[PDB]
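Undergrad: Residue numbers (UniProt numbering), protein chains in the order written: chain A, 1 to 122; chain B, 2 to 55; chain C, 1 to 119; chain D, 2 to 212; chain E, 2 to 118. Idealized CB from N, CA, C, for every residue including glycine. The following block contains the structure, expressed as structure tokens.
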Amino acid sequence: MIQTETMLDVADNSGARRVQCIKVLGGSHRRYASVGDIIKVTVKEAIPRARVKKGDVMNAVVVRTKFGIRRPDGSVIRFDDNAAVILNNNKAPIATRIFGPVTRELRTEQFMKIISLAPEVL
Amino acid sequence: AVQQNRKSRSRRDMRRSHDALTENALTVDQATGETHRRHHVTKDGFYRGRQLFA
Amino acid sequence: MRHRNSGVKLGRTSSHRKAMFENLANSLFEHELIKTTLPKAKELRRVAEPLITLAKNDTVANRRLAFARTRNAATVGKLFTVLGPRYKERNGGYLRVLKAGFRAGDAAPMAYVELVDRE
Amino acid sequence: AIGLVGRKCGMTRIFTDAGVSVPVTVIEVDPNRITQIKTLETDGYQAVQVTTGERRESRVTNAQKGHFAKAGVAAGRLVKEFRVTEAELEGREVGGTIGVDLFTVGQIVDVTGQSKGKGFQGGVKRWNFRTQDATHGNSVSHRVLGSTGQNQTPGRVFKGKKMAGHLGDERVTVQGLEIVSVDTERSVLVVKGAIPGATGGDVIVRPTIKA
Amino acid sequence: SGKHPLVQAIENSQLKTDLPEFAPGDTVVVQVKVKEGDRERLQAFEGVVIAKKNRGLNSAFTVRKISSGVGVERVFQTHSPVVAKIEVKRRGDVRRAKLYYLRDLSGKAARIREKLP
RNA sequence: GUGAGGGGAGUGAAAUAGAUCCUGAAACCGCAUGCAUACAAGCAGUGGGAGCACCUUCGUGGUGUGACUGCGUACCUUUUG
RNA sequence: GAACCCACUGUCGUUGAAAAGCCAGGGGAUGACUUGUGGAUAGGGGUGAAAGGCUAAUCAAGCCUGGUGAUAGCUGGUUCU
RNA sequence: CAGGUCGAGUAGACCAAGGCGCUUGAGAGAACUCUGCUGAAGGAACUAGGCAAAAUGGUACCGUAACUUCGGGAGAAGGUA
RNA sequence: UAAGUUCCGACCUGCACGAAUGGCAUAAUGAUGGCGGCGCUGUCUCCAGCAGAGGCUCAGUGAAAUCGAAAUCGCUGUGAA
RNA sequence: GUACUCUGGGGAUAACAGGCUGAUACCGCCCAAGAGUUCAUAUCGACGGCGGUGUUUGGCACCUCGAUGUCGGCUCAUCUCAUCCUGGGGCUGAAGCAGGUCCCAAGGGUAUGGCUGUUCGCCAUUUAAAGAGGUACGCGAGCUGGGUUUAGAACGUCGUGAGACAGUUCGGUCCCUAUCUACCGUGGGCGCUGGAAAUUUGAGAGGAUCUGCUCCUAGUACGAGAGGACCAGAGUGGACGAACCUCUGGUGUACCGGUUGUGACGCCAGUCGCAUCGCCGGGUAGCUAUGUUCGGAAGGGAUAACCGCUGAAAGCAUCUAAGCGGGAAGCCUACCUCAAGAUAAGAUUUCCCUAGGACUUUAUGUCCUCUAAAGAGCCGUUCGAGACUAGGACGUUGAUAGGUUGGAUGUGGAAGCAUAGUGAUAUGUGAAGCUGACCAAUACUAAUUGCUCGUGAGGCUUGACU
């Protein structure tokens, strides 16, 4: 349940460490983004000498949330943090490592690489 | 907020046309035979042929 | 809304309400016939009758529960010595509530609360 | 169309083979009994009148007693009518019954009921009005209506203005529900989703009109 | 059994009859049926039971685990067919029904003493 | 209620002269009788006008009411108005 | 930092519990400090770490009584045919 | 003038001696208003303005920058039992 | 700052700074003015539940400002507009 | 000089809003030098001309000075069309994709932030789109009070001074319990051709009406390539709305436990009062969103611009004058809810009442005696119904409420007694004890004997059958 001004951890090694959501994309008056939704973010903290810098405006996809996702059998899965992965202008993943676990809501032609490089898919 | 015109006695009585009182439900008791309010103990302590104060 | 809710308020705090109902139960057990207002009388059943039910088995734990609820040693003794054996064979309905007109001071409806086998 | 009158029994879930959980509502059905058939010649329209349930003799009036005795069925707790056509009118006679076997699994139906009563309610709950600020100097106006009109032109309040008033306790129809189970031994319908009303309320089930 | 008899009768027809006995504070392994395409496989979820609700067909239990640095909790519906198997590995010893205080502890502080028969 | 207040009896020319008591107006508030009034829009009247009730010299009379209908935006002041 | 002396913010109150308050927070608290009793300064005067502040709920000149029925090219009102 | 248990204390919680339950009540448990408690995910996006709320808070020990009129800043910040 | 009519440093064609109606600075102090952070939160997205006091019903007591008179509807036009 | 101010007057006279007017403003049209490789008119269009609207800047001084009391924000709106999106078309300097221009169309929809008191504007990032206007520049007896415009103080400037401002800066009291109209809900009375219990038709009214992306047709038509469709299908979203509580959560001051201080119950043990529910951890029902499910689907009828068929006036031509068609998110239906006070008061099924006297005003006439029906209400136990009402269930031929018994749930190892320890404490008896609102049984307690209202066959005329 990510909205504007929410801070998120960065779950790859693109260089960014903390990002802030500034827009939820995909409709007029759209309120919230969940796992698998695209957001606009600004970079608040980054690794020195990286390809990304502080003050950059970028696209991202939400991978973990604290509010949680529902499953068809009635179950809910909740994580301890809110995390995102950075995308380029064409909305493709642009990182060479992923940190932590991931979900099945990214089984989509847009998002194979995160699953392929992720250590654990729970 | 207050009235701009004094209200006529006719309209005042028309408003009061709903203020009438109504009668209670009264019933003659069996064992003793005086009137009492229905479903209540009589003023002398009887109800349905039982006494409360001997 | 108050859909399916139980309990009363009677314009009192919760501690005041609980203490007042304990006082009413103690007075009822002492005198066996009291006069009160109708809502208080109807609510008094849910407080007083379980005490009589509990006093049917004379054990130390039951006596201590009765004391924790009433805080009156004379009431506990009466409950476990007189009233319990009296109602041993009766399945509930130890009280009787009868409407008794209205009160002069504020026209409040009133009622009598009496034990079933008083005399 | 021709339908059934039942009672709402409560909500539960059904698990499928794949593991999916389907929320369902249970409707208890006492087989409906036909009391009167209305025709074009006598009434000017075609409908079937049914009754269901039970009622004690001290509560059944003499007029209703004669009305039921003419049909030859026991007195129920309610009487209802279904508008029908000539094709549906085939096979129906006074004294016959209609059961749950009228429906089949997988069929789409509409369910009508009486919604729960919320009593006197204000703008926020009734019409989704927005509250004013809780701080920053606001005096005594948090959940109030606000403005209710313009000015000397037109100098009045229009009809249909949204204000405070009674909410709930209305007839409501939910369309497009799906039949999940037709239990004939227990005389029960199990339908996917929620239906209007509280447990114990009377509900009507009909074939869907959005066909 | 707080519901109507018909609802109880309809619910009772779907109950599982082979569940183990377990309590909050135990550590369990749950086998979850995963259907990718039409590949069927079983994924193991290992963790600590921190909450358990007993409501008949509506029974549930919550399992918390640390996976590669990030904590994760899953609420399982007990009678769902997607729950294939539950195995108890170690029985814990706690003082309460709900162990939500573990969410604020890490590692050294989050250990549960083993119950000894 | 050993109250307040009243009803008889009695005094007085008179008590509806009975004590904040000669006469006892109007605003205002009751009870009783007669007629009208719950499908119809506004300064409330005015010119017509059926019916009803009582009285009666029995009418081309009297008293009360006014279904229906034509016309009709208070008074004073100050103002070009 | 309590008593005591003040009066910075907010809600409430505004035909108030109150013709200046209550509640929650706030400042000084051995000093150019707070306070009781009794005295002194009187109206174009007094007093003022100075706001035209205060001088009995009244202050760019207090209150009371007299001149006095001040004057008003202004507003209102002005009674039977 | 002013006691007990803790307490640095005349602060504070509960009590003693001694005083009281504040001169309308009884029900109900709608909108809306006042005063409170809790709140998923987010955390100033509110607003003229973080207004109001939330937050910090004791004792002992360790440790503490620029700047300085060498007194301070300073309980700086921060940490332990 | 993603985005800064405010803020901070600098530039100097100062509409109309400037040296006891003092000029340029300055440690400490301020319920003083402006700007930015950490923590924290119902300020907000967007409100929900609960507790007390009113509101509402019954018995008792019993105000207020206002008021030419009222048998006191909409629309379009007219008309001291 | 007065912003420290005061009195008598004026809507005879200004600032706000209204009114008249329309110079100005905005929108439309006429002529057409020219521009557009030729070609005035695909698109622009000089020099000149004619109108419409009542948004701008103004003109006048008709209303209000015995008061019409606010620049923005908030909340809540309603209308126009000169249309921002979506829908239907003509032309094109229209290959396709796109665009330009004009015509029809008002059903629905139509951003969040940074700066500033701002309206406006600029900027960042979205969206199918972020339209233009009227409504006292809508809305302050609905909220605020940042700006302006009282009293304090300062700077620049002006004045000898009191003081002042095509200026700036810091601070600075927002009253009213709603009579009438209007509106949102909810009742009482009477009427509806004797009365009553139910079920109903529908004149009519209200609600709803939005839209993105992906796949398929098809890398096909088209195109030198780069690119790339019409029509016609499937799926999944955003915003909005409704109902619901099985699932996920919140709350849950009458449920369970841990623990601090103090007082008491004679004492230990065990408990209770007070401290925000003292604080802290959980949590049943109910309510609830952030949770779940569902909706705007499809189809008929008449049309708008526009496109026609046959066809003369006018031997040809021509959608029109006779005659016959197609055609839009728009209109009428269709979907949901209400609806006979629809005084035109409608329809169907069933049920109830059939007694005697006197009198004159000989009339659905008035007084006696005898009769109180079908039913409705008072009263009581109450509700997932509720301000009071109204509505639903039941009243001994009874499960309506409370209690009792059983179950379920929550919390979690009661008290007492035994063991092991110097002890704090731990283990056993035993998943025990306690458990508001839930499910099921059960007359133990309370729904008593009752009373009131509602009548006695329902005028006349004409017609068709009896």
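If you measure from the beta carbon of D:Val21 to each beta carbon in chain A, is any gap under 8 Å?
TA: With 8 Å as the cut-off, D:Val21 counts as an interface residue toward chain A.
Undergrad: Give me the chain E residues within the contact set of A:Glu120, using Cβ-Cβ distance strictly less than 8 Å, ordered along the chain.
TA: Residues of chain E passing the Cβ test: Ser68 and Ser69.
Undergrad: Please say whether A:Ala118 and A:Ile86 have beta carbons closer to each other than 8 Å?
TA: Cβ distance not < 8 Å, so A:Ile86 and A:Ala118 don't count as in contact.
Undergrad: So with Cβ pairs under 8 Å, would you call C:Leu98 a contact of chain B?
TA: Answer yes: the Cβ-Cβ gap between C:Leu98 and chain B drops below 8 Å somewhere.
Undergrad: Compile a chain-ordered list of the residues in the stretch 60-75 of chain A whose CB is closer than 9 Å to at least one CB of chain E.
TA: Hits within the stretch, in order: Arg64, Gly68, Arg71, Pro72, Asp73, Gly74 and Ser75.
Undergrad: Between which residues of its own chain and residue 251 of chain D is the CB-CB distance below 6 Å, once the five residues before and five after are set aside?
TA: What the structure shows of chain D is the stretch from 2 to 212, and residue 251 of chain D is not part of that stretch, so it cannot be assessed.
Undergrad: Identify, in the order they occur along the chain, each residue of the same chain with its Cβ nearer than 6 Å to the Cβ of E:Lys90, setting aside the five sequence neighbours on each side.
TA: So the qualifying residues of the chain are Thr28.
Undergrad: Can you confirm whether C:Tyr112, when its beta carbon is compared against all beta carbons of chain B, has any partner nearer than 8 Å?
TA: True, the Cβ-Cβ gap to chain B drops below 8 Å.
Undergrad: Which one or two residues does DSSP pair with A:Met7 in a beta bridge?
TA: DSSP lists A:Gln20 as partners of A:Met7.
Undergrad: Under 8 Å: do the stretch 92-99 of chain C and the stretch 40-48 of chain B share three or more Cβ pairs, one atom per stretch?
TA: Result yes; three or more Cβ-Cβ pairs closer than 8 Å.
Undergrad: Is the Cβ-Cβ distance between D:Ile35 and D:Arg78 less than 8 Å?
TA: Contact flag unset, no.
Undergrad: For B:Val29, would you say it is in contact with chain C, using Cβ-to-Cβ distances shorter than 8 Å as the test?
TA: It does not; no Cβ of chain C falls within 8 Å.
Undergrad: Of all the alpha helix (DSSP H) runs that stay within the bounds of the stretch 70-129 of chain D, which reach a length of 4 or more residues?
TA: Within the stretch 70-129 of chain D, the complete alpha helix (DSSP H) runs of at least 4 residues are 124-128.
Undergrad: Using a Cβ cut-off of 9 Å, which residues of the stretch 6-17 of chain D contact any Cβ in chain E, in chain order?
TA: Those residues of the stretch 6-17 of chain D that come within reach of chain E (Cβ to Cβ, closer than 9 Å) are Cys10, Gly11, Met12, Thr13, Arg14, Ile15, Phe16 and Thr17.
Undergrad: Please specify which runs of the beta strand (DSSP E), each continuous and at least 3 residues long, are wholly inside the stretch 39-68 of chain E, giving them in chain order.
TA: As far as the stretch 39-68 of chain E is concerned, its whole beta strand (DSSP E) runs of at least 3 residues are 40-54 and 61-68.
Undergrad: In chain D, which residues lie with their C-beta within 7 Å of the C-beta of E:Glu12?
TA: What E:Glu12 touches in chain D: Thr13.
Undergrad: Within 8 Å of any Cβ in chain D, is that where the Cβ of E:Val50 sits?
TA: With 8 Å as the cut-off, E:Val50 does not count as an interface residue toward chain D.
Undergrad: Could you check how far apart the C-beta atoms of C:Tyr94 and B:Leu53 are, in whole angstroms? I think they sit under 8 Å.
TA: Contact doesn't hold; Cβ gap of about 17 Å is too wide.
Undergrad: State the beta-bridge partners of B:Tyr48 as determined by DSSP.
TA: According to DSSP, B:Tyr48 bridges with B:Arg51.
Undergrad: Tell me which same chain residues have a C-beta within less than 6 Å of the C-beta of A:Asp9, skipping the five on either side of it?
TA: So the list reads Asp81 and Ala83, once near-sequence residues are dropped.
Undergrad: Leaving out the 5 sequence neighbours to the left and right, which residues in its chain are closer than 6 Å to B:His37 when beta-carbon positions are compared?
TA: Cβ within range, chain order: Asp30 and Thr43.
Undergrad: Once you ignore the five residues that flank E:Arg42 on each side, which residues in its own chain have a CB closer than 7 Å to its CB?
TA: Same-chain partners within the cutoff: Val35.
Undergrad: Apart from the five residues just before and just after D:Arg207, which ones in its own chain have a Cβ nearer than 6 Å to its Cβ?
TA: Cβ neighbours of D:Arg207 beyond the five flanking positions: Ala2, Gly4 and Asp111.
Undergrad: Tell me whether A:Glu109 is buried or exposed, calling it buried when 16 or more other Cβ atoms sit within 10 Å of its Cβ.
TA: With fewer than 16 Cβ atoms within 10 Å of its Cβ, A:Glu109 is classed as exposed.
Undergrad: Is it the case that the stretch 18-29 of chain D contacts the stretch 61-71 of chain C, given that we only count it when at least three CB pairs across the two stretches are under 8 Å?
TA: Contact fails: fewer than three Cβ-Cβ distances are below 8 Å.
Undergrad: For a contact defined as C-beta to C-beta under 9 Å, what are the partners of D:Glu29 on chain E?
TA: What D:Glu29 touches in chain E: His5 and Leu7.
Undergrad: Do you know how far the Cα of C:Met110 is from the Cα of C:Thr36?
TA: Rounded to the nearest angstrom, the two C-alpha atoms are 6 Å apart.
Undergrad: Kindly indicate if chain B contains any beta-carbon less than 8 Å away from that of C:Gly101.
TA: Closer than 8 Å to some Cβ of chain B, the Cβ of C:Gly101 qualifies, so yes.
Undergrad: C:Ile52: which of C:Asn5, C:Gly92 and C:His3 sits nearest, CA to CA?
TA: Minimum Cα distance to C:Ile52 is reached at C:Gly92.
Undergrad: Scan the stretch 142-200 of chain D and note each continuous beta strand (DSSP E) run of 3 residues or more that stays entirely inside, going in chain order.
TA: Qualifying beta strand (DSSP E) stretches, in chain order: 166-169, 172-184 and 189-193.
Undergrad: Go to C:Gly77, then tell me how far its alpha helix (DSSP H) extends in each direction, as first and last residue.
TA: First-last of the alpha helix (DSSP H) with C:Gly77: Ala73 to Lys78.
Undergrad: In terms of residue numbering, what span does the alpha helix (DSSP H) encompassing A:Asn88 cover?
TA: No alpha helix (DSSP H) holds A:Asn88; DSSP gives it neither H nor E.
Undergrad: For chain E, find out if any of its Cβ atoms is closer than 8 Å to the Cβ of A:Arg78; answer yes or no.
TA: Yes, because at least one Cβ of chain E sits closer than 8 Å to the Cβ of A:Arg78.
Undergrad: Taking only three categories from DSSP, how would you classify C:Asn62?
TA: Three-state DSSP puts C:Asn62 in a helix.
Undergrad: By the criterion of Cβ-Cβ separation under 9 Å, what are the contact partners of B:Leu22 in chain C?
TA: Within chain C, no residue comes near B:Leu22; the closest Cβ sits about 14 Å away, beyond 9 Å.
Undergrad: Report yes or no: is there a C-beta of chain C within less than 8 Å of the C-beta of B:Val42?
TA: Yes, B:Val42 counts as interfacial toward chain C.
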